[PDB]
């Protein structure tokens, strides 16, 4: 009666252990999943099986899965690159999602907190770069200073806005500020490559190697920009845009960013985004040429950074392991999982059983066989 339950739970533990030690099964499983903007479901299924990397052993095995899955994904899913940027690369976003945990979060704050705080603090931060906006603020400032409605029109074109010396002066000043502010963020990021979690740098290393192997004709530049999509755009950008939501800063129990603070961070994030991909501001905005020159120069720094980030030790060397006989100091590996999660996992393995274990004599087939029927919410 009761022994039935136990034995099955132990049987599951055994199966889960096989899943952890042989990345092939779960790598294949992930491949057999729908391209969703969210990885919420597969994240809980996968991460749970590794206890969210609670120890070095699990951490090692998890990265092995990421490596295996990413390699597979690039090889049989990425047709002409750019899809990594444009699409929803399952593995890439899983890696980023995993790095939203304690480790990754701690790393981001060490890298960004100082500069984000600076921006948060500076009450008098003017990095406004739109001539029309500067014009409007000007007219309104006079209006409230004087107390009379200005004779100047509220609606004006950029060229006619720049017609005023005061506008051009404020713009020149604002431009210099945007550059200084953006330079502080760039520097803080470029000089903190070592603060980025190994798991993140390692995957960038894997990504670059896999891409170079599928697209030999792809230039070292086009590949580094792809790595930047992972390192800067996907990993850091969201946190600069929403520092509180990403635990970069700790606001009062009931505090939130001011619209000024959000706007400012939004603009800086935009600057960095352009720099990381060597993307110039276009349109009829010649007043921004100073900014574009800064972006081209900045890209050089970002490029070397993306390169350095990939210069990381192989998995074996990093975790100081020669055989697997290592890491296993946890004695009896236990995977902490609920009945609900067991049912989800069991159901998936059964739906893709032949896809995850193509060999008819694969050991997992027997394990799943004797494990039998998927349990009920209460068995």
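Residue numbers count along the first chain shown, from 1.
Taking only CA atoms, the mean B-factor in the PDB entry is higher for 323-331 than for the other of 323-331 and 33-41.
Mean CA B-factor, 136-144 versus 210-218: the higher value falls on 210-218.
Going by the entry's values, 168 shows the largest Cα B-factor out of 301, 168, 205, 234. As recorded in the PDB entry, 164 shows the highest C-alpha B-factor of the residues 164, 201, 93, 279.
Among the modelled residues of the chain, residue 316 sits in the highest third by CA temperature factor in this PDB entry. Sorting the modelled residues of the chain by their CA temperature factor places residue 82 in the highest third. Residue 106: CA B factor lies in the middle third for its chain, per the PDB record. Split the chain's modelled residues into thirds by C-alpha temperature factor. Residue 75 is in the highest one. Residue-level temperature factors show residue 154 in the highest third of its chain, judged at the C-alpha atom.
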